Amino acid sequence: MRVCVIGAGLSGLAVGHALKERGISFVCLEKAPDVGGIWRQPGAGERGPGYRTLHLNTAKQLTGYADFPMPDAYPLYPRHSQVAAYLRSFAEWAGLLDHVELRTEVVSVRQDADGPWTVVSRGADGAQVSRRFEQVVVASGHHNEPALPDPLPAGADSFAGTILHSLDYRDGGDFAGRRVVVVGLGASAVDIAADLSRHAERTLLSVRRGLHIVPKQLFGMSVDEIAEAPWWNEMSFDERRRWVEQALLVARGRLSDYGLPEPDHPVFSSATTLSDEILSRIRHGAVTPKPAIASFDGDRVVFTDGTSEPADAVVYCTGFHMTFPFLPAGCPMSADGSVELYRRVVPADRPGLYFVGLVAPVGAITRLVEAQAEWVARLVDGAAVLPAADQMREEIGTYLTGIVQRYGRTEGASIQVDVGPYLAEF
Ligand SMILES: Cc1cc2nc3c(=O)[nH]c(=O)nc-3n(C[C@H](O)[C@H](O)[C@H](O)COP(=O)(O)OP(=O)(O)OC[C@H]3O[C@@H](n4cnc5c(N)ncnc54)[C@H](O)[C@@H]3O)c2cc1C
Ligand SMILES: NC(=O)c1ccc[n+]([C@@H]2O[C@H](COP(=O)([O-])OP(=O)(O)OC[C@H]3O[C@@H](n4cnc5c(N)ncnc54)[C@H](OP(=O)(O)O)[C@@H]3O)[C@@H](O)[C@H]2O)c1
Ligand SMILES: CC(C)=CCc1ccc2c(C[C@H](N)C(=O)O)c[nH]c2c1
């Protein structure tokens, strides 16, 4: 009645918990047959950003909800199925599921001239019902639309095999004995290449721009555990860079010597891909680093180095586009494509709309959405207040002009957040 929460992944669940703890009435509308967001999608053979080898790359005690620790027997890096079971178990404990409408997909969201939002959902029956809510919290995730490169390499339409995205990818088993090209050097790409490296006859890793490939662990410490260590925050943002790049070279050496393009920037600058596997896979010949794909010649994939390989499939791990089809005008955005959300949550012109989980921190997103949810709940029932709109576009302004200072234009830096200072403001 008061709050329609769109999404029952980790963020929607935190919002529902936050609202339930303030006595605030809400319903949570979720597409999938259950809660958990992406973490339950592999496990149901569902097409989504995950895959059957997906584990957390953040430590469990930093990723679990603050008031609801993951089972003690869980490893540091739980499998997607353990996370999904954890999330379902959270919804049960927090008393959330009777406020959750499963198999219910939100299709339009419009602000009515009196303040309330009209929300049109489509259910199992394919039927549609239109409802009014005081406020709407968007918790729909930002891995919604696959982002293929533009353009495809030439000859893609004549390709003998399957051109697919990591969305359509679930299990390397589905490629047993086949010759597959993985495109990308991000979390998805190295994981899916690693996974193909034990079922495919041959796995090729086609990379164009170089990324810093960091183990999940230095000094035995998870990289996001170190990020919190006082002695690391004790350190200067150049003293740490050197610490990291010296540590990296003791642990893996230099990327060029694994056949990988060396990045054009230090660590932190741009982005870092986490993997314990992909370098070793290369050194074992299980994955073969290749340059960029330049053309598809029938059954073969031709690379920019003139070399060529027969390939039965190409798996594009080029990331995801952030879209909001149910929002007619869409996430408040800048011409540049930069998100414009006051403190990464709040549109400046539309009262009663909130975006939760649309941040990208170094490490786990959980503490951040827990703080976001707690703030939004206090805004919904009035314990907290927003600046005037101009003043909200000013925080947006200095946050944005500050991300160009750190990442220049990039493309998805408009949701990047320092996990330390952000949480401190809550
Ligand atoms: C491959 C991968 C690995 C990751 N690994 C980590 C990690 O190790 N650690 C970490 O902290 N984070 C990780 N993340 C980040 C991850 O996004 C979050 O950890 C977590 O999934 C929180 O997501 P969420 O709840 O905001 O959204 P999601 O998990 O995407 O859930 C959003 C929900 O919106 C629902 N929805 C309902 N109605 C609609 C509608 N009408 N339109 C659209 N959607 C709708 C979808 O069904 C979905 O369930 C990873 C992400 C990816 C893609
Ligand atoms: N869990 C984590 O640690 C983590 C970290 C960061 C992001 N994520 C999320 O996970 C999602 C999955 O993507 P990912 O991070 O695994 O991979 P990614 O970082 O999005 O993929 C990087 C690769 O994109 C390729 N690329 C080049 N031009 C491109 C273009 N115009 N459009 C798209 N891609 C282009 C580059 O080489 P090629 O052209 O050779 O492929 C590059 O190696 C992302 O969307 C992100 O939101 C998760
Ligand atoms: C000390 C050091 C080099 C840290 C580098 C680092 C650590 C964690 C992450 C994550 C976590 C989570 N998977 C997310 O995407 O929210 C993404 N990128 C990261 C980079």
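One is the number of the first residue; the rest follow in order along the sequence.
At a threshold of 4.0 Å, the pair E228-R367 does not count as salt-bridged, since none of the basic side-chain nitrogens sits closer than that to a carboxylate oxygen. Taking the charged nitrogens against the carboxylate oxygens, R131 and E101 do have a contact shorter than 4.0 Å, which makes a salt bridge. One finds no salt bridge joining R179 and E309 here, because no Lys/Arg side-chain nitrogen approaches an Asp/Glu carboxylate oxygen to under 4.0 Å. Look at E395 and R344 and you find a salt bridge, because one of the NZ, NE, NH1 or NH2 atoms lies within 4.0 Å of a carboxylate O, short of that distance.
Scanning for ring pair (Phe, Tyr, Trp, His ring centres under 6.0 Å) contacts around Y422 gives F426, with sequence neighbours left out. Under the rule for a salt bridge (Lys or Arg N to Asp or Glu O under 4.0 Å), the partners of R122 that lie at least two apart in sequence or sit in another chain are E105.
Judged by the 6.0 Å distance and 45° axis criteria, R343 is not positioned over the aromatic ring of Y399.
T118 and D112 share a side-chain donor-acceptor pair at under 3.5 Å. Looking only at atom types and distance, the side chain of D191 has a donor-acceptor partner in the side chain of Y51 under 3.5 Å away. Using a 3.5 Å distance cut-off with no hydrogens or angles, the side chains of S222 and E225 do not pair a donor with an acceptor.
Of the listed residues (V3, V345, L353), just one forms a side-chain contact (heavy atoms from CB on, under 4.5 Å) with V137, and that residue is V3.
A donor-acceptor contact shorter than 3.5 Å is absent between the side chain of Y407 and the backbone of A271.
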